[PDB]
RNA sequence: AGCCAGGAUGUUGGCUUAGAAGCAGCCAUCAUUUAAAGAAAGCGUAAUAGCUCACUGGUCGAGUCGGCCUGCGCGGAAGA
């Protein structure tokens, strides 16, 4: 990690993820273990792929600069780190619902679960996604 | 082979010792316990393999006198020899350095002397059969018998590991080449084998533990001698030796003589220590050959050469005198290695 | 109700018998019955094949019930035995292993995929390839 | 504490203090790194 | 710089298959997951277990860090 050559390099990869993505989920594992992601990222690679690259760079001046053009409503996501869980293959897939089940087992804090964009709304839990 | 029976019950005993929760507390025991297992398990496997093969033979031995079952016998007998030959090398597995070979005439006078001549020949011939080397450094003649006393220097590999079992008096019964008559006599030749240990030397002083004192020299002179610390004393803490010196006027000329004498002291005492220890070792290794402190008998009229350490006798003496004692010394080593396992 | 409070990993050379000597003190770590462990152990030797030292997952509970989860055989023994080679490495300037077909590596990787996970299956083959690199094992198609 | 003429850090928990002009080394990890003078 | 997590999977990786499991004289500096993690910096065990640091995320939010050239100092410094 030298400078904006590589910092924005992550931002370039980030813009590619928004290029095909529509919907997102909230998650905050501030106690997250390897074993946690050794299944949850394995489940991603089994469900529909490794497209869900868990980005915990929720800084308002970092990740938000990555996409002020698309999904503008992500402003107040800055504090209390939330990973933009994008859904590329199949808009509105069951990716939110599977971490919702993990929300019951071990996701102590769900970073204020409210349902991300494309209802273009809030708080009401989006379980009505075409599975 | 009965000694190998002790071997298998020792294997059983490993099952009891190795497996106890509190035995691991003793790093001493546990390490040494594991040392045994390394030798134990391999040679136990060796012996248990032997157990099967052996019993197989006797059941199919005198069974119905059929030569077809003898072919089954033929198979396993060839296996048994080659099998135990491998088992023998495992057991024969330290000291392999060069060694001094001392053989000196005992009781029998001139015939005693003459026989050593023939005896020295067999080891030198044995060496040539293995291409080690041989070089003598001292020799005494019995005026008509070759060697009265000869100290050889055998240079090779695994020398002491083979010639270790020659320590003792050798008794020979034969018609002596000095008898006017045609009588039969008994002569003795003592054989000694000691390992060539390195004879390194110390730095001779190592000036860090040398309590050096100085004082007003005691003796004649004048005003000078009354006020001059020209006498030195060197005290060596590891040995506790004291050397006083007051010869020259200068302390340094006097310290010169002091260091010189202390040099001699420790050097010479350490050599005398080793010298006394070697003769100690030697007299408890040679044994005053007086017809009765034997280990092997070379009987010429009957052509037999027997060994009394394992009570084994052989009726093939000519090849032994022609230096082919490899055969003989192999069973001696085998028997001692059998007792080497039951030594702990 | 007692999951991660007592963990130990065992299982050594599977071609042996009752684990009293080599495993004994490790079992005494919780007061576990060595024979009860042996009932799980011997049922695991006969589970696939004997002659392959494997690492097992043992988690003894308060009520003496321990969960045994065996793993895949390590590549060290597999590449050594299945390829029939005995070279190894450690002397890179003098000693190394000859070549071994990639499908051979992949067949072993097929096995370990099923056990050892990740995201990319070809990377799993690359995992035993990494093993191959340090040990001196040369991989070729 | 060891009294010497040269006092270097020994670990990642060593700390250089200058009490009364005497450079003194405290270490709250292993009480053997404690030094003085120099 | 503090304060919250991870710091692992193949791998007790081939010492001379009894042993140094990121840890003595043993090799090479592999491959995944990625917001991240060295087949490694120490302690402890025959070994493990156990606890840290690199590196990496949120947090509060501004200058901080290590070298180089030199002026003047401090310790190194105890006698009748």
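Every number in this text was worked out from the coordinates using simple rules, so none of it is lab data. Backbone-built Cβ (ideal geometry, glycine too); neighbour counts: all protein chains shown.
Some points to look at:
- Modelled spin labels at residue D:20 and residue A:4, positioned 7 Å past Cα toward Cβ, are 5.6 nm from each other.
- Each of B:140, D:6, B:292 was scored by other Cβ atoms within 10 Å of its Cβ. Listed from fewest to most, they are D:6, B:292, B:140.
- Taking every C-alpha pair closer than 8 Å and separated by at least 6 residues, the mean separation divided by the residue count of chain C gives a relative contact order of 21 percent.
- Take the Kirkwood radius over Cα pairs of the protein assembly as shown, plug it into Stokes-Einstein at 4 °C and 1.567 mPa s, and you get 36 µm²/s for translational diffusion.
- The modelled label-to-label distance for the pair residue C:49/residue B:125, using points 7 Å beyond Cα in the direction of Cβ, is 5.8 nm.
- Modelled spin labels at residue B:21 and residue B:53, positioned 7 Å past Cα toward Cβ, are 4.3 nm from each other.
- Set of segment C:45-61 residues, backbone N closer than 20 Å to the point 7 Å along the Cα-Cβ line of residue C:30: C:45, C:54-61
- Centroid-to-centroid separation of segment A:109-126 and segment C:15-49 [C-alpha atoms, Å]: 52
- DSSP beta bridges fully contained in chain C are about 75 percent antiparallel.
- Neighbour-count ranking [beta-carbon atoms within 10 angstrom, fewest first] of C:16, C:35: C:35, C:16
- For chain A, the spread of Cα positions along the three principal axes, ordered from largest to smallest, is 40, 33, 27 Å.
- Relative contact order of segment B:98-183, pairs being alpha-carbon contacts under 8 Å that are 6 or more residues apart, as %: 35
- Cα gyration tensor, chain B - rounded (a/c under 1.5), prolate or oblate: oblate
- Entry note, segment C:7-71: relative contact order of 44 percent, from Cα contacts under 8 Å with a spacing of 6+ residues.
- Reducing segment B:40-95 and segment B:289-344 to their Cα centroids gives an inter-centroid distance of 25 Å.
- Mean residue ellipticity (222 nm) of chain B, computed from DSSP H runs ≥ 4 via -39,500 (n - 2.57), nearest 500: -15500 deg cm²/dmol
- Helical content of chain C, expressed as a calculated mean residue ellipticity at 222 nm, amounts to -12500 deg cm²/dmol (DSSP H runs of 4 or more residues, -39,500 (n - 2.57) each, divided by residue number, nearest 500).
- Value of [θ]222 nm, deg cm²/dmol, for chain A, DSSP H segments ≥ 4, -39500 (n - 2.57) each, nearest 500: -11000 deg cm²/dmol
- Tilt relative to chain C, helix C:34-45 - C-alpha long axis, 0 to 90 degrees, to 10: 30
- Computed E for residue A:124/residue A:70 - FRET, C-beta separation, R0 22 angstrom, nearest 0.05: 0.50
- Principal-axis tilt of helix A:34-47 within chain A, Cα atoms, nearest 10 degrees: 80
- Here residue B:282 and residue B:78 are evaluated by their C-beta separation; at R0 = 30 Å the FRET efficiency comes out at 0.05.
- Theoretical FRET efficiency, 1/(1+(r/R0)^6), r = Cβ-Cβ of residue C:93 and residue B:30, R0 22 Å, to 0.05: 0.05
- Share, in percent, of DSSP beta bridges within the protein assembly as shown that are antiparallel, nearest 5: 85
- Fewest-first ranking of D:33, B:185, using other Cβ atoms within 10 Å as the exposure measure: B:185, D:33
- Among beta bridges identified by DSSP and lying wholly in chain B, the antiparallel ones come to about 90 percent.
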